[PDB]
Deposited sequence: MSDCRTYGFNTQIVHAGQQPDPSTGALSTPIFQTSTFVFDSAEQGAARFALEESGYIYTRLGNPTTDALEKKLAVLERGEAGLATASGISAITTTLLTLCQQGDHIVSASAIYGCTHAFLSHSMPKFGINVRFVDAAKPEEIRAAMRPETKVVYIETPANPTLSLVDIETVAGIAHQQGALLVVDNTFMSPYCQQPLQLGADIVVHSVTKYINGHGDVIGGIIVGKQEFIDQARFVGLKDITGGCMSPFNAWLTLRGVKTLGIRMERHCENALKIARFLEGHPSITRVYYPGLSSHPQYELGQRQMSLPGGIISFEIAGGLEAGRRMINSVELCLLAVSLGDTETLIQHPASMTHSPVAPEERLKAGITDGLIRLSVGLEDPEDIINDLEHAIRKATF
């Protein structure tokens, strides 16, 4: 039949994949090759099938097709990293003199590319509060090629109204690019809401197993062809290795059941934190006091596996808390099967001036939690123990 016709869990398992025609092997083979051979001079010219992995590969093709199906896009393009997904996309679309309107609340490394790299190539970027679609509209210029957003966004899990922003971008002649890393296609589908291009770090939930760095771009065939044959081939060279593609295919098999459990666990933990008198604030789209709660309910099928919260006692309390957990692991990644915790003020933004962190929504007591697949009772006990100690 056509994989586009099955239910979402069925698609997660099957889309883009089939038994190997030649051998019947059920697992997608790992085509760990650089070289592809032609049967003749004619068959070589015809393709100029496969030719060379940095242009294409059967293992990676399966991943690209699967993710395109899951995001309801025409085509996918795998990359060496989430960063490469973003930069391959933007460097394909933009040239000197062009302009981008970007959310301010975005991944830190994206922010560096946008604030420092792009302008050195003559591409200017305006940063705005994308929670306020009017700020996006006001920042648009005749030269604006792209509006770029992330939702939910760190560090307080604020949201962006994708459909509304898409309409604004399109009326003003720009494309909307959405980083859907935090949600995965299981929880949010930006293309269905009017986005033109979706990017992911598959490093997070899509792979889910904390053992692959990689990215994916999904969009129209016409664009993806340019991202592949110009962006990857002629700019970033950010190809994904076939082994990484195979691991990601393997990881994504369980995307549905993983996201369900991540989100079930996260909701329980969020409610625990909201009831804890030593915790001043809890940021989680699943809590009704979230400023954009109703938007979240329309736009997201589940509230996600990530929680941020503020512990009483500022910087020292935050440090003491992360130093006091015994089960949660101290790390800066997210979307793994293990629960990960970090305290940005002391771990990643320690050198940054306290007042500058504050402006960026990073308070001294802010803790970010990536909820894993453990028993939530064990995670809650670990948190309760650490919070008691830290306060």
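Q | Deposited positions lacking CA coordinates | A | Several regions go unmodelled: 1, 50-54, 398.
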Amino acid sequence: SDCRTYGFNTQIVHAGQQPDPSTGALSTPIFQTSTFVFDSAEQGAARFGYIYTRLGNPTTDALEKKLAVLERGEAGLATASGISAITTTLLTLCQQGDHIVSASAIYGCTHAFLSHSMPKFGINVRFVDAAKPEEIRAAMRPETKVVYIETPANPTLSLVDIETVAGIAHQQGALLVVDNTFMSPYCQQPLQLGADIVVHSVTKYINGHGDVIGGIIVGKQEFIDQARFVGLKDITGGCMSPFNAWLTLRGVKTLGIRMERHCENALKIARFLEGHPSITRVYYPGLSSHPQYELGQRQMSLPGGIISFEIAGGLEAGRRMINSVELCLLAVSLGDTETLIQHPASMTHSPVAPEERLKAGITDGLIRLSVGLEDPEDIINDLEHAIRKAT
From here on, numbers count along this sequence of modelled residues.
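(Q) Test of understanding: from the entry's C-alpha B-factors, which stretch has the higher mean, 209-217 or 278-286? (A) Of 278-286 and 209-217, the stretch with the higher C-alpha B-factor average is 278-286.
(Q) If you average the CA temperature factors as listed in the entry, which stretch comes out higher, 337-345 or 58-66? (A) Per the PDB entry, the higher value belongs to 337-345.
Q) Looking at 261, 111, 204, 250, which has the highest Cα B-factor in the entry? A) It is 111.
Q | Out of 170, 228, 319, 72, highest CA B-factor residue | A | Result of the comparison over 170, 228, 319, 72: 319.
Q) Split the chain's modelled residues into thirds by Cα B-factor; is residue 292 in the lowest, middle or highest one? A) Top third by C-alpha B-factor.
**Q.** Cα B factor band for residue 315 (lowest, middle or highest third within the chain)
**A.** Its C-alpha B-factor, which the entry lists for residue 315, ranks in the highest third among residues of this chain.
Q) If you rank the chain by CA B-factor, which third does residue 179 end up in: lowest, middle or highest? A) According to the entry, residue 179 has a C-alpha B-factor in the chain's lowest third.
Q: Taking the chain's C-alpha temperature factors as the reference, tell me which third residue 224 falls into: lowest, middle or highest.
A: According to the entry, residue 224 has a C-alpha B-factor in the chain's lowest third.
Q.
Can you tell me whether residue 46 has a C-alpha B-factor in the lowest, middle or highest third compared with the other modelled residues of the same chain?
A. For residue 46, the deposited C-alpha B-factor lands in the highest third.
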